[PDB]
């Protein structure tokens, strides 16, 4: 495990604590939300981010943060402002970036 992998594992653990229901734990399936894959062109979630860390696909912290923002942006485009998914996405986006400093 490289230093970057160790840091991103730490960030990911702390980010996922902000999603206790696990709305962002796995990809949003079309089974869960029919037509999701036809609207959101670049899906992302914490589970995929974990796999990318393990595969050593993040070569910088910036790349990791970009995937986190993508996940949140997707939720804020697919869902209307008055939904639990939008509200949590916005909350954790700001709180997450603050945490990572």
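Positions refer to the first chain, counted from 1. In this text, rigid core is short for the largest set of C-alphas that superpose within 1.5 Å between two forms.
- Rigid core fits of the other structures in 9 other deposited structures of this protein place the C-alpha atoms of one stretch farther away on average; of 34 to 42 and 66 to 74, that stretch is 34 to 42.
- Rigid core fits of the other structures in 9 other deposited structures of this protein place the C-alpha atoms of one stretch farther away on average; of 25 to 33 and 44 to 52, that stretch is 25 to 33.
- When the two stretches 35 to 43 and 57 to 65 are set side by side, the higher mean Cα temperature factor goes to 35 to 43.
- Stretches 9 to 17 and 80 to 88 differ in mean C-alpha B factor, with the higher average recorded for 80 to 88.
- When the CA B factors of the chain's modelled residues are split into thirds, the value for residue 51 lands in the middle one.
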